[PDB]
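Note sheet for the following structure.
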Amino acid sequence: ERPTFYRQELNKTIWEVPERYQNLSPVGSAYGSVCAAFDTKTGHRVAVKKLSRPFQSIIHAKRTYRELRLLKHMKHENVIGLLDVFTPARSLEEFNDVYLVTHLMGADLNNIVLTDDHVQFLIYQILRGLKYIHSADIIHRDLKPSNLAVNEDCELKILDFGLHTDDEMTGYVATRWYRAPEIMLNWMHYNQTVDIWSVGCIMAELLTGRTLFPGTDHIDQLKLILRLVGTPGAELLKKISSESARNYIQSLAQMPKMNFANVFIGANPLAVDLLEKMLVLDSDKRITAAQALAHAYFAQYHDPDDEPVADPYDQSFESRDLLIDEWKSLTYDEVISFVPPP
Ligand SMILES: O=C1CC(c2ccccc2)=NN1c1ccccc1
Ligand SMILES: [Cl-]
Ligand SMILES: [Cl-]
Ligand SMILES: [Cl-]
Ligand SMILES: [Mg+2]
C-alpha cells in the first residue's frame, strides 16, 4: 500500500516524497514552500507544497484542516483540484508534515491582460466555476487576476481560495482593488454576492486594459466606486449595520449613477449591459452566477446541460471548538482517506 519515500534537502528544507515525484525544483515560498516536479504516475508536471508548521496553534491547525477539506471537495473543470495529498508518517503518533499536490499552472490572467470573443470566453469560464462553487455554499472572497490560471488555449481555472491581514490591504495595492465595498468597509454580514462584484471588476479590466478602481487607500477607493455607481439610497442605508459607517456615507454629497456606455467607450453593448448588472452597490440586487450564464453576452458558449453543480459541502466544523491535537487527528483522517481522481 504505502509508497517508498526518498529524502533530499532543497534550499534549507528537507523534503521526503514518494518516488513517483521526480526532478524537484523550488518555485516559491509564510504558508509553505513549493516545488515543481514531474509525476511519473500521471505524466503531468505538478506543484508540490510542503506546509510550514501546520499544527503550531489551534488557529493554524484549523486552517490546515480547512484547506484540505476544501481542496478535496473541488471537482470541476474551471476550479483547481487536488491530485494527491501525503505524509511520510506511518502513524498518528509521528504525524507532523503535510504535502499537497496539484497540476502545475503556467501563466495567470495578469500576463494575458484581447478580442471581445476572448473576453466572452474568459468571463464565461469564471462564472461557470463560480456557479459550481456557490452551489456548495462556498464563498471564494479573493477573486482577482493573479488567482486565475490561463493556458495557451485560453482555458481558465480558479485558484487560491480565501482561507488577509490589515497591512496586506493598506494603500495602493491590488489585494483590495477587486473587493466589494460592503466587505472592504465591514458594512454588514456579507455573502456570495461579493464574488460577483469581483468578476465585474475583472471584466471591466479585460475590456479597457486598466484597473477599474485603483484606489490609493480604502477611502479613495470608495470615492472611485461611488462616482461610477452612485451614492446609496435610503433602502441600502438601512442595511448598513454600523451607525458610524452610515454616518460617514451620509457625509458625502450625493451622486447619480454614470452612463456605462460613455465609460466603456466602444464596448459590445451586451457587455455594457452585463457590467451594469454585476456592479450594483446593493448586494441583494446583483446578478447571480447562474443568472449571468444565461445572459445574451455568452450565447456562443452557454450550454445549460454542461454547467454542473457541486455535491453538498458540510462546513459545520467552522463553528466547532477543538484542541490542537483534535484538529490534527481530523486532518490525519482526511490524508489517509484520500482517493485520487480517475
Ligand atoms: O499555495 C500554493 C502556491 C503554489 C505555487 C506557488 C508558486 C509557483 C507555483 C505554484 N502552489 N500552491 C499549492 C500547491 C499545492 C496545493 C495547493 C496549493
Ligand atoms: Cl511512488
Ligand atoms: Cl510526518
Ligand atoms: Cl491581481
Ligand atoms: Mg494568489
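Classify segment 274-342 from the C-alpha gyration tensor, please: rounded if a/c falls under 1.5, else prolate or oblate depending on whether a/b exceeds b/c. Since a/c reaches 1.5 but b/c is at least a/b, the shape of segment 274-342 is classed as oblate.
Each of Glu94, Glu182, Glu326, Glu67 was scored by other Cβ atoms within 10 Å of its Cβ. Arranged with the fewest first, they read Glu94, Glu326, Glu67, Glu182.
Charging the Cβ of each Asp and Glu at -1 and of each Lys and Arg at +1, and nothing else, the dipole of the chain about its Cα centre rounds to 600 debye. Modelled spin-label separation between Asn262 and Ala296, with each label point placed 7 Å from Cα along the Cα-to-Cβ direction: 2.4 nm.
Reported to the nearest whole Å, the Cα centre-to-centre distance from segment 46-103 to segment 163-189 is 26.
Distance between the pseudo-spin-label points of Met188 and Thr208 (7 Å out from Cα toward the beta carbon): 2.6 nm.
Counting neighbours? That spans all protein chains shown, and the Cβs are built from the backbone with ideal geometry, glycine included. Every read-out reported here was derived from the displayed coordinates using simple, explicitly stated rules and does not represent laboratory data.
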